[PDB]
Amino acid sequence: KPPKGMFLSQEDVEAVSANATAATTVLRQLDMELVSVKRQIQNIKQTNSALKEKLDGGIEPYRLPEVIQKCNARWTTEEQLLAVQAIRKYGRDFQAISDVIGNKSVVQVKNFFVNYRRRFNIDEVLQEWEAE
């Protein structure tokens, strides 16, 4: 029931009146606390400003052009050999494997796993990828 925007907790009233010079001590430590928070903002601004200066140039010198490839249903020998290496490197990451081959959907990759499971020792190859 205090007036709106007035602030009057029992806790604070006792703190400002427990002692003859309690109030000024309270407001003093709050002042110094604000000083050390502003000091700390200055350090992080200046630290972040140096980081931004390293990101000058973005990653534009390093972005490759994006090629779209018509997703083909048929597996050339070359594309099979890519997939086996992609399995060796990426494991069950069907998306990464699709991106490496370029013309094979995530489903076609997953289907490839079963059909050539036997002939390509795909189980051995997954075990091989797990050792590192």
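One rule holds for the numbers: they count along the sequence shown, beginning at 1.
Annotation for 81 to 89 versus 56 to 64: the higher mean temperature factor (C-alpha) is found in 56 to 64. A summary of the deposited B-factors shows that, of 68 to 76 and 46 to 54, the stretch with the larger mean C-alpha value is 68 to 76. Looking at 107, 35, 100, 26, the one whose CA carries the top B-factor in the deposited record is 107. For residue 131, the recorded CA B-factor ranks within the highest third of the chain. Only modelled residues enter the ranking. In the PDB entry, residue 111 places in the highest third of its chain by CA B-factor.
Ranked by Cα temperature factor within the chain, residue 10 sits in the middle third according to the deposited record.
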